[PDB]
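*Asks:* Supplied in structure tokens, the structure appears directly below.
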Amino acid sequence: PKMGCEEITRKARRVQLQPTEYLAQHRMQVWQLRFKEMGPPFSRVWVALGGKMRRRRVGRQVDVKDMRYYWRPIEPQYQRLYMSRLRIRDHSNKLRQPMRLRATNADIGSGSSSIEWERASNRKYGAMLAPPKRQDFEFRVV
Amino acid sequence: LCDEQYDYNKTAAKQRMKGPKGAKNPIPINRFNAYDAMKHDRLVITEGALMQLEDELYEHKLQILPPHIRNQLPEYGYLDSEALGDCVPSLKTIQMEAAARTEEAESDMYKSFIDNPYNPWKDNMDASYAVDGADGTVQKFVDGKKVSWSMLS
Amino acid sequence: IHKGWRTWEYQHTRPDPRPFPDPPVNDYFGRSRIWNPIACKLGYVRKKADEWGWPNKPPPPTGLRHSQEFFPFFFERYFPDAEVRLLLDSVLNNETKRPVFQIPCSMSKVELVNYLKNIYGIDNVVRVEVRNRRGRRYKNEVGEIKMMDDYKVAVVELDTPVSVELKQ
Amino acid sequence: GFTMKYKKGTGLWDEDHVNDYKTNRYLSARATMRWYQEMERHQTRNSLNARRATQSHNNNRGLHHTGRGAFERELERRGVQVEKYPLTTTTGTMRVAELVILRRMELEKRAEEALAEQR
Amino acid sequence: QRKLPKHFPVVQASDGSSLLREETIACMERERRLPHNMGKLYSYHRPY
Amino acid sequence: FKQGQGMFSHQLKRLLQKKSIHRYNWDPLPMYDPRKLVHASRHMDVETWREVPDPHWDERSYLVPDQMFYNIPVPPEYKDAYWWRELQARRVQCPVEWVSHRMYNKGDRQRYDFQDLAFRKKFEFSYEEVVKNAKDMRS
RNA sequence: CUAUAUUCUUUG
RNA sequence: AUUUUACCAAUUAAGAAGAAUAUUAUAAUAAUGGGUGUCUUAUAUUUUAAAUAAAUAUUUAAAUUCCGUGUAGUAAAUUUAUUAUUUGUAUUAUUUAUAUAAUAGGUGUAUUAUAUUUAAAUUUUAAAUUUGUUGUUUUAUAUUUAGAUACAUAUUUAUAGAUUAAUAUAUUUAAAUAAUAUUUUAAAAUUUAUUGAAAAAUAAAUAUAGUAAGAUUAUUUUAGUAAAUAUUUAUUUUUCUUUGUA
Ligand SMILES: NC(=O)c1ccc[n+]([C@@H]2O[C@H](COP(=O)([O-])OP(=O)(O)OC[C@H]3O[C@@H](n4cnc5c(N)ncnc54)[C@H](O)[C@@H]3O)[C@@H](O)[C@H]2O)c1
Ligand SMILES: [Mg+2]
Ligand SMILES: [Mg+2]
Ligand SMILES: [Mg+2]
Ligand SMILES: [Mg+2]
């Protein structure tokens with residue numbers, strides 16, 4: 001489940017297709033506020049600023065204070081650790097490359113450039129990232 | 001050839017889809033393939049089929065060529081086009097000759113209409129354009145008359 | 001609903017209730033069998049097919065339906081149906097004053113006497129004793145339980161002793 | 001939802017743009033006929049239903065089965081062409097085909113004698 | 001095309017009138033209880 | 001008692017499963033009796049002291065449905081108390097759960113009438129009709 | 001982390 | 001003679017209407033609650049109410065308790081839509097049964113160790129668990145059968161960005177554009193809806209369980225031991241020999 005079963009011969013439940021997660025689910029914005037990734041293809045740092053700052057500034061020294069204003073690469077473990085959440089969209093697709101922090105223009109256009117979207121004149125050539133159309137001078141949502 | 005295969009559940013979206021997961025437009029069974037070629041030994045091809053194959057694969061093979069070669073195609077007479085009318089039209093199938101004569105027949109209803117597909121935008125090079133400052137719009141004018149159409153919502 | 005179940009993974013179909021209902025038909029062919037008082041649609045609809053054609057024919061005026069002339073009453077008055085049958089072992093070669101009849105259960109003691117008077121011409125009947133015996137149940141060789149129709153045993157007491165002789 | 005309604009008849013033949021996931025490798029002599037039955041009844045069922053639904057719906061809205069109202073009813077009385085683009089009718093689209101065919105047959109006489117003249 | 005499933009019994013007159021169908025059904029049923037033809041039963045559970 | 005090894009309690013578990021006859025008895029109106037409103041608002045003819053059979057009465061009249069009468073004529077001004085059994089007559093005559101299947105599939109939303117819960121087939125063409133209706137338009 | 005600091009500087 | 005010592009052995013082809021209108025998915029045309037062995041009567045046969053549901057939806061952006069929340073008409077009645085017992089065993093695939101038994105009169109020993117016949121020699125039940133790595137605990141009578149899911153692969157039409165907090169800026173080389181999955185069995189619990197007595201029972205869910213746990217299916221193999229280890233992969237950096245470094 002066997003041709004004898006009183007279990008299966010009386011219908012109970014029927015399981016449906018299960019919905020998939022948001023394709024971008026794992027690019028969480030708490031990363032996108034803190035860091036930014038910089039790099040040439042196949043080598044890219046994520047860089048951040050330092051916190052020692054907003055508790056005690058005074059009395060310490062100016063050098064140790066302004067060692068805080070530099071962009072710095074995150075430690076590689078943390079970078080691998082955060083990148084790993086971006087690598088889980090395709091396992092066993094070895095020929096792929098991980099998702100970036102901020103969506104590039106190719107990654108915006110890829111969702112309208114398919115052959116399943118070509119009749120959708122909404123969301124073509126990017127829409128939701130442009131400012132909205134001026135509404136009819138009598139336009140009202142009531 | 002084959003039609004492009006579209007997937008309208010590529011994410012999960014429609015749940016009451018029974019289906020498989022994947023292309024929702026699989027190649028139908030009466031096409032030519034490797035399996036049924038390997039099973040049956042003699043391949044019997046009618047000349048209509050030959051002509052149709054060559055016809056649908058022509059542009060395909062032309063695009064593949066390196067660009068210093070594609071430039072010589074018009075010089076060699078490969079690219080002579082019936083639409084432009086440098087040659088007499090070519091041999092087509094029955095159905096395509098039917099469609100073609102259909103358009104030959106229906107080309108006369110678009111003459112006096114400004115949306116004529118066979119002569120669109122004939123009014124460009126006598127046209128004036130005027131930028132409105134009260135609300136951003138650029139409106140077309142011919143003979144002081146506003147030709148351009150403000151869109152509806 | 002402190003916590004919502006995952007209901008989005010089920011397609012919509014009603015599961016069978018686990019204390020599953022048994023089928024309404026009565027399988028017990030024994031002594032203690034109960035007639036079911038509950039009336040389904042099919043009873044009334046089959047009535048309606050029986051009395052007048054319900055699907056096709058238009059219904060007769062109520063005055064007819066509720067009158068003696070209405071067909072199932074008409075046909076019952078002028079074409080009665082009863083199997084009033086006799087156990088022979090009561091009337092065989094012994095002289096017996098009390099023959100024993102099998103009777104449809106819807107007959108009274110009076111209706112039997114009327115039956116025997118007007119049809120069989122049996123004009124002396126002191127009285128009738130009545131039993132209701134559940135029909136005879138038997139299994140055949142496949143084990144199909146079958147029950148012959150219910151009957152009424154009437155001991156019918158006469159004035160003159162009656163025998164039916166067997167020539168040996 | 002969005003199942004791509006616009007691609008339904010787009011295909012050159014009757015059997016494409018149809019999701020056919022019930023199938024086999026080898027199709028027998030009558031399974032093939034079954035396939036050719038299924039496809040054309042898939043087109044015909046879906047077309048005749050879409051005819052019936054709208055004809056019935058137009059009839060329930062009190063107008064002509066075409067969706068052609070009283071106004072357009074008046075225009076046809078007065079001999080006015082009622083629409084902008086008079087697309088080819090059924091009889092026309094049959095006529096094209098047969099004239100093409102009747103060209104091709106004649107040509108296949110002439111070619112026959114041509115080739116027999118050479119050979 | 002059939003107007004009743006193949007496995008339904010035919011209960012009707014030869015004319016096709018359904019006038020008597022309940023009598024016919026009743027008859028068939030009392031007949032399935034105790035067939036008139038029926039020979040000696042070989043069962044140990046016997047009506048008498 | 002339904003719990004036992006006895007056969008009476010064996011029947012009662014089964015016999016009690018069949019479904020009783022259902023009709024929709026739509027509620028009585030004891031205090032507004034529509035059938036006595038025929039005698040409302042009628043002029044008297046004073047010779048015979050019977051009612052005057054006014055021909056204007058029967059076009060202003062509002063027909064109040066019920067089960068054991070066909071319809072009951074009522075003067076219009078009094079129609080407003082009968083608003084519920086106008087909605088019970090137009091209703092489908094069952095629990096809506098029995099007929100609910102008309103609702104869920106798409107083809108039966110378009111072909112069936114849902115106004116104040118009357119599930120009833122709209123007018124719908126046969127196939128030959130559809131064919132000859134689409135044929136004489138040459139489409 | 002939230003508030004007060006709003007120029008290259010500053011609080012809990 | 002009254003009597004031929006004691007001990008020592010298996011593994012079976014199956015005799016047959018005792019397996020088919022068979023199991024599962026598949027049919028986008030019917031459908032007021034199926035009830036036969038049924039059958040007056042309805043004062044006693046009423047289920048309705050703008051909400052996520054027997055109606056179940058084609059992207060990765062922006063924004064929001066910063067950290068589980070996200071894609072908008074595709075054509076306007078247009079063809080994703082709740083189908084079904086025969087006008088093909090309906091078609092296509094898929095799965096399938098523990099009724100049934102002559103089997104052989106003796107090869108090793110005969111004063112105690114345990115299969116290989118020349119005698120001897122040699123032998124602690126495996127798994128999991130323990131990391132002071134066991135002396136502890138749990139499972140296993142046997143035969144047969146059921147039993148658990150990360151895509152080891154990308155051939156011509158064809159094209160790929162860095163940067164600022166921001167506005168901006170522009171010296172400056174790649175690319176096989178697809179996503180759908182993620183062990184397994186188990187608490188004490190919770191929540192919802194009924195019944196009963198003066199919390200219990202019945203019916204629904206896939207709650208969580210590295211200090212509770214237990215299982216996890218294919219031998220004859222071919223590189224070692226933050227820091228380690230593992231997978232894929234990289235550098236011929238100088239001496240007399242030698243060196244796994246990344
Ligand atoms: N986003 C848009 O608004 C949008 C998008 C694509 C194309 N268009 C085109 O813009 C033009 C007008 O748009 P709108 O929204 O202002 O009006 P509309 O298209 O909403 O309405 C136009 C009216 O004129 C009819 N019409 C359209 N094309 C016609 C034609 N070619 N010949 C005769 N009648 C025709 C329309 O069917 C309708 O009756 C049309 O070509 C429309 O298809 C507009
Ligand atoms: Mg239907
Ligand atoms: Mg057997
Ligand atoms: Mg044990
Ligand atoms: Mg096994």
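Residues in the structure tokens are numbered from 1 in each chain, the chains being A, B, ... in the order shown, and ligands are numbered from 1 in the order shown.
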Distance cut-off 9 Å, counting only C-alpha atoms (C1' of nucleotides) - which residues of chain A neighbour chain G? Return them as an mmCIF file with C-alpha atoms, in the first residue's frame.
*Replies:*
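Result file follows (iface19.cif):
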```cif
data_model
loop_
_atom_site.group_PDB
_atom_site.id
_atom_site.type_symbol
_atom_site.label_atom_id
_atom_site.label_comp_id
_atom_site.auth_asym_id
_atom_site.auth_seq_id
_atom_site.Cartn_x
_atom_site.Cartn_y
_atom_site.Cartn_z
ATOM 1 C CA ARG A 54 28.148 54.236 19.747
ATOM 2 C CA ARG A 55 28.814 53.303 23.388
ATOM 3 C CA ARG A 56 32.152 54.927 24.409
ATOM 4 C CA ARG A 57 33.868 57.310 21.963
ATOM 5 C CA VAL A 58 35.618 59.694 24.343
#
```
*Asks:* Any residue with an atom at most 12 Å from ligand 3 counts, using only C-alpha atoms (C1' of nucleotides) and all ligand atoms. Which are they? Put them as a list in words.
*Replies:*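 I would give the residues around ligand 3 as residues 14, 15, 16, 17, 18, 19, 97, 98, 99 and 100 of chain H.
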*Asks:* Only N, CA, C and O atoms (P, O5', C5', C4', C3', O3' and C1' of nucleotides), please: the residues just picked out, written as a PDB file, in the first residue's frame.
*Replies:*
```pdb
ATOM      1  P     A H  14       6.663 -30.097  -4.545  1.00  0.00           P
ATOM      2  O5'   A H  14       5.866 -30.669  -5.804  1.00  0.00           O
ATOM      3  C5'   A H  14       4.620 -31.342  -5.654  1.00  0.00           C
ATOM      4  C4'   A H  14       3.520 -30.673  -6.447  1.00  0.00           C
ATOM      5  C3'   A H  14       3.891 -30.243  -7.870  1.00  0.00           C
ATOM      6  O3'   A H  14       2.768 -30.431  -8.734  1.00  0.00           O
ATOM      7  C1'   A H  14       3.171 -28.358  -6.631  1.00  0.00           C
ATOM      8  P     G H  15       2.593 -31.811  -9.548  1.00  0.00           P
ATOM      9  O5'   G H  15       1.057 -32.192  -9.343  1.00  0.00           O
ATOM     10  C5'   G H  15       0.548 -33.463  -9.736  1.00  0.00           C
ATOM     11  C4'   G H  15      -0.865 -33.662  -9.243  1.00  0.00           C
ATOM     12  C3'   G H  15      -1.836 -32.540  -9.585  1.00  0.00           C
ATOM     13  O3'   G H  15      -2.377 -32.660 -10.889  1.00  0.00           O
ATOM     14  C1'   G H  15      -2.021 -33.072  -7.283  1.00  0.00           C
ATOM     15  P     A H  16      -1.919 -31.636 -12.038  1.00  0.00           P
ATOM     16  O5'   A H  16      -1.983 -30.218 -11.307  1.00  0.00           O
ATOM     17  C5'   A H  16      -2.846 -29.185 -11.759  1.00  0.00           C
ATOM     18  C4'   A H  16      -4.297 -29.492 -11.474  1.00  0.00           C
ATOM     19  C3'   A H  16      -5.168 -28.302 -11.118  1.00  0.00           C
ATOM     20  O3'   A H  16      -5.552 -27.558 -12.259  1.00  0.00           O
ATOM     21  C1'   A H  16      -5.670 -30.143  -9.694  1.00  0.00           C
ATOM     22  P     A H  17      -6.494 -26.271 -12.095  1.00  0.00           P
ATOM     23  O5'   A H  17      -7.968 -26.878 -12.095  1.00  0.00           O
ATOM     24  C5'   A H  17      -9.044 -26.171 -12.696  1.00  0.00           C
ATOM     25  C4'   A H  17      -9.663 -25.173 -11.748  1.00  0.00           C
ATOM     26  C3'   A H  17     -11.043 -25.556 -11.235  1.00  0.00           C
ATOM     27  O3'   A H  17     -11.270 -24.961  -9.961  1.00  0.00           O
ATOM     28  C1'   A H  17     -11.210 -23.657 -12.661  1.00  0.00           C
ATOM     29  P     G H  18     -11.477 -25.900  -8.677  1.00  0.00           P
ATOM     30  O5'   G H  18     -10.415 -25.332  -7.643  1.00  0.00           O
ATOM     31  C5'   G H  18      -9.180 -24.811  -8.113  1.00  0.00           C
ATOM     32  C4'   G H  18      -8.948 -23.413  -7.611  1.00  0.00           C
ATOM     33  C3'   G H  18      -7.480 -23.052  -7.467  1.00  0.00           C
ATOM     34  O3'   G H  18      -7.280 -21.655  -7.681  1.00  0.00           O
ATOM     35  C1'   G H  18      -8.507 -23.185  -5.312  1.00  0.00           C
ATOM     36  P     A H  19      -6.307 -21.175  -8.871  1.00  0.00           P
ATOM     37  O5'   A H  19      -6.717 -19.658  -9.134  1.00  0.00           O
ATOM     38  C5'   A H  19      -8.077 -19.271  -9.256  1.00  0.00           C
ATOM     39  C4'   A H  19      -8.251 -17.811  -8.911  1.00  0.00           C
ATOM     40  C3'   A H  19      -7.801 -16.837  -9.987  1.00  0.00           C
ATOM     41  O3'   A H  19      -8.849 -16.544 -10.886  1.00  0.00           O
ATOM     42  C1'   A H  19      -6.865 -16.224  -7.888  1.00  0.00           C
ATOM     43  P     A H  97       2.325 -12.749  -5.873  1.00  0.00           P
ATOM     44  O5'   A H  97       1.297 -13.952  -6.044  1.00  0.00           O
ATOM     45  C5'   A H  97       0.958 -14.771  -4.936  1.00  0.00           C
ATOM     46  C4'   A H  97      -0.083 -14.114  -4.065  1.00  0.00           C
ATOM     47  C3'   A H  97      -0.255 -14.703  -2.673  1.00  0.00           C
ATOM     48  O3'   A H  97       0.696 -14.218  -1.738  1.00  0.00           O
ATOM     49  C1'   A H  97      -2.378 -14.432  -3.679  1.00  0.00           C
ATOM     50  P     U H  98       0.687 -14.814  -0.244  1.00  0.00           P
ATOM     51  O5'   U H  98      -0.035 -16.222  -0.434  1.00  0.00           O
ATOM     52  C5'   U H  98      -0.343 -17.056   0.676  1.00  0.00           C
ATOM     53  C4'   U H  98       0.322 -18.397   0.529  1.00  0.00           C
ATOM     54  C3'   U H  98      -0.288 -19.533   1.340  1.00  0.00           C
ATOM     55  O3'   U H  98      -0.111 -20.744   0.618  1.00  0.00           O
ATOM     56  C1'   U H  98       1.958 -19.223   1.993  1.00  0.00           C
ATOM     57  P     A H  99      -1.376 -21.465  -0.044  1.00  0.00           P
ATOM     58  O5'   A H  99      -1.717 -22.629   0.983  1.00  0.00           O
ATOM     59  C5'   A H  99      -2.555 -22.393   2.102  1.00  0.00           C
ATOM     60  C4'   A H  99      -3.452 -23.574   2.341  1.00  0.00           C
ATOM     61  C3'   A H  99      -2.808 -24.926   2.085  1.00  0.00           C
ATOM     62  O3'   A H  99      -2.042 -25.377   3.194  1.00  0.00           O
ATOM     63  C1'   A H  99      -4.965 -24.837   1.080  1.00  0.00           C
ATOM     64  P     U H 100      -0.652 -26.153   2.969  1.00  0.00           P
ATOM     65  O5'   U H 100      -1.072 -27.429   2.126  1.00  0.00           O
ATOM     66  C5'   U H 100      -1.769 -28.508   2.735  1.00  0.00           C
ATOM     67  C4'   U H 100      -1.758 -29.726   1.852  1.00  0.00           C
ATOM     68  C3'   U H 100      -0.370 -30.193   1.424  1.00  0.00           C
ATOM     69  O3'   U H 100      -0.379 -31.603   1.266  1.00  0.00           O
ATOM     70  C1'   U H 100      -1.636 -29.643  -0.483  1.00  0.00           C
TER      71        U H 100
END
```
*Asks:* Determine which residues of chain H sit within 12 Å of chain E, taking into account only C-alpha atoms (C1' of nucleotides), and present them as a list in words.
*Replies:*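 That gives residues 21, 36, 37, 38, 39, 85, 86 and 87 of chain H for chain H.
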*Asks:* Enumerate as a list in words the residues within 7 Å of ligand 2, counting only C-alpha atoms (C1' of nucleotides) and all ligand atoms.
*Replies:*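 Listed by chain and ascending number, the contacts are residues 107 and 108 of chain F; 29 and 30 of chain H.
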*Asks:* Can those selected residues be exported to a file as a PDB file, in the first residue's frame so that it contains C-alpha atoms (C1' of nucleotides)?
*Replies:*
```
ATOM      1  CA  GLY F 107     -19.047  24.979 -16.001  1.00  0.00           C
ATOM      2  CA  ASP F 108     -21.909  24.839 -13.526  1.00  0.00           C
TER       3      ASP F 108
ATOM      4  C1'   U H  29     -20.560  15.512 -20.722  1.00  0.00           C
ATOM      5  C1'   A H  30     -24.487  12.842 -14.906  1.00  0.00           C
TER       6        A H  30
END
```
*Asks:* Dump as JSON, numbers by chain the residues of chain H that approach chain A to within 6 Å, counting only C-alpha atoms (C1' of nucleotides).
*Replies:* {"H": [23, 59, 60, 66, 67]}
*Asks:* Would you export the selected residues with C-alpha atoms (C1' of nucleotides) as a PDB file, in the first residue's frame, please?
*Replies:*
```
ATOM      1  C1'   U H  23      -5.564  -3.645  -6.945  1.00  0.00           C
ATOM      2  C1'   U H  59       9.213  35.423 -11.445  1.00  0.00           C
ATOM      3  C1'   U H  60      14.387  36.593  -7.823  1.00  0.00           C
ATOM      4  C1'   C H  66      15.971  44.548  10.678  1.00  0.00           C
ATOM      5  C1'   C H  67      16.248  38.483  11.327  1.00  0.00           C
TER       6        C H  67
END
```
*Asks:* Using only C-alpha atoms, select each residue of chain C with any atom at most 8 Å away from an atom of chain A, and give the selection as number ranges by chain.
*Replies:* C: 8-16
*Asks:* Would you pick out the contacts of range 31-45 of chain F at 12 Å or less, using only C-alpha atoms (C1' of nucleotides), so that residues sharing its chain but fewer than 6 positions from it are not included, and give the list as a ChimeraX atom specification?
*Replies:* /F:51-58,60-66,68-83,85
*Asks:* Which residues come within 10 Å of residue 25 in chain E, counting only C-alpha atoms (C1' of nucleotides), excluding same-chain residues fewer than 3 positions away, as a PyMOL selection string?
*Replies:* chain E and resi 9-12+20-22+28-31
*Asks:* CA of residue 19 in chain F to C1' of residue 42 in chain H: how many Å, to one decimal?
*Replies:* 16.0 Å
*Asks:* Using DSSP secondary structure from the backbone, list all alpha helix (DSSP H) positions within range 4-105 of chain D, as a ChimeraX atom specification.
*Replies:* /D:29-60,70-77,90-105
*Asks:* Within 9 Å of ligand 4, which residues of chain H come that close, and what is the closest atom pair and distance in Å for each? Count only C-alpha atoms (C1' of nucleotides) and all ligand atoms and give it as a Markdown table.
*Replies:*
```
| residue | atom | partner | partner_atom_place_in_ligand_line | distance |
| --- | --- | --- | --- | --- |
| H:138 | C1' | ligand 4 | 1 (Mg) | 8.5 |
| H:139 | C1' | ligand 4 | 1 (Mg) | 6.0 |
| H:140 | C1' | ligand 4 | 1 (Mg) | 6.4 |
```
*Asks:* Mind dumping the selected residues with C-alpha atoms (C1' of nucleotides) as a PDB file, in the first residue's frame?
*Replies:*
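Written out: out.pdb:
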```
ATOM      1  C1'   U H 138      19.447  -2.595  24.754  1.00  0.00           C
ATOM      2  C1'   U H 139      17.908  -5.970  20.326  1.00  0.00           C
ATOM      3  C1'   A H 140      17.992 -10.887  17.980  1.00  0.00           C
TER       4        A H 140
END
```
*Asks:* Compute the set of protein, DNA and RNA residues whose minimum atom distance to ligand 1 is at most 8 Å, using only C-alpha atoms (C1' of nucleotides) and all ligand atoms, and state it as a list in words.
*Replies:* residues 121 of chain A; 115, 149, 150, 151, 152 and 153 of chain B; 84 of chain D
*Asks:* Those residues you just picked out, can you put them in a file as a PDB file, in the first residue's frame with N, CA, C and O atoms?
*Replies:*
```pdb
ATOM      1  N   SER A 121       2.773  41.911 -20.667  1.00  0.00           N
ATOM      2  CA  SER A 121       3.280  43.241 -20.941  1.00  0.00           C
ATOM      3  C   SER A 121       3.326  44.031 -19.655  1.00  0.00           C
ATOM      4  O   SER A 121       3.884  45.119 -19.595  1.00  0.00           O
TER       5      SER A 121
ATOM      6  N   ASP B 115      -4.384  52.886 -39.296  1.00  0.00           N
ATOM      7  CA  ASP B 115      -3.757  51.766 -38.600  1.00  0.00           C
ATOM      8  C   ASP B 115      -3.276  50.690 -39.574  1.00  0.00           C
ATOM      9  O   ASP B 115      -2.932  49.578 -39.165  1.00  0.00           O
ATOM     10  N   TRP B 149      -2.769  60.486 -29.718  1.00  0.00           N
ATOM     11  CA  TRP B 149      -3.825  59.987 -28.847  1.00  0.00           C
ATOM     12  C   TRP B 149      -3.343  59.788 -27.420  1.00  0.00           C
ATOM     13  O   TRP B 149      -2.489  58.948 -27.169  1.00  0.00           O
ATOM     14  N   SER B 150      -3.886  60.559 -26.487  1.00  0.00           N
ATOM     15  CA  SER B 150      -3.591  60.337 -25.077  1.00  0.00           C
ATOM     16  C   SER B 150      -4.184  58.999 -24.660  1.00  0.00           C
ATOM     17  O   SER B 150      -5.334  58.704 -24.970  1.00  0.00           O
ATOM     18  N   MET B 151      -3.396  58.180 -23.977  1.00  0.00           N
ATOM     19  CA  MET B 151      -3.835  56.831 -23.654  1.00  0.00           C
ATOM     20  C   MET B 151      -4.940  56.870 -22.617  1.00  0.00           C
ATOM     21  O   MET B 151      -5.029  57.810 -21.828  1.00  0.00           O
ATOM     22  N   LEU B 152      -5.783  55.847 -22.624  1.00  0.00           N
ATOM     23  CA  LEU B 152      -6.860  55.759 -21.655  1.00  0.00           C
ATOM     24  C   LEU B 152      -6.371  54.974 -20.459  1.00  0.00           C
ATOM     25  O   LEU B 152      -6.154  53.766 -20.550  1.00  0.00           O
ATOM     26  N   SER B 153      -6.215  55.669 -19.337  1.00  0.00           N
ATOM     27  CA  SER B 153      -5.677  55.078 -18.116  1.00  0.00           C
ATOM     28  C   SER B 153      -4.407  54.273 -18.375  1.00  0.00           C
ATOM     29  O   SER B 153      -4.442  53.043 -18.408  1.00  0.00           O
TER      30      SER B 153
ATOM     31  N   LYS D  84     -15.497  46.764 -38.983  1.00  0.00           N
ATOM     32  CA  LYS D  84     -14.377  47.430 -39.634  1.00  0.00           C
ATOM     33  C   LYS D  84     -13.611  46.494 -40.554  1.00  0.00           C
ATOM     34  O   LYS D  84     -13.274  46.854 -41.681  1.00  0.00           O
TER      35      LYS D  84
END
```
*Asks:* Ligand 5: which residues are within 12 Å, counting only C-alpha atoms (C1' of nucleotides) and all ligand atoms, as a PDB file with C-alpha atoms (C1' of nucleotides), in the first residue's frame?
*Replies:*
```
ATOM      1  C1'   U H 144       9.788 -16.591   4.310  1.00  0.00           C
ATOM      2  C1'   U H 145       8.286 -11.663   3.298  1.00  0.00           C
ATOM      3  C1'   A H 146       7.484  -6.295   3.958  1.00  0.00           C
ATOM      4  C1'   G H 147      10.619  -2.103   5.275  1.00  0.00           C
ATOM      5  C1'   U H 217      19.470  -1.858   2.112  1.00  0.00           C
TER       6        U H 217
END
```
*Asks:* Would you compute the distance between CA of residue 63 in chain A and CA of residue 50 in chain A? Give it in Å to one decimal.
*Replies:*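 Distance reported for this atom pair: 13.5 Å.
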*Asks:* DSSP says strand (DSSP E or B) for which residues of range 45-142 of chain C? Put them as a PyMOL selection string?
*Replies:* chain C and resi 85-86+96+100-103+127-133+137-139
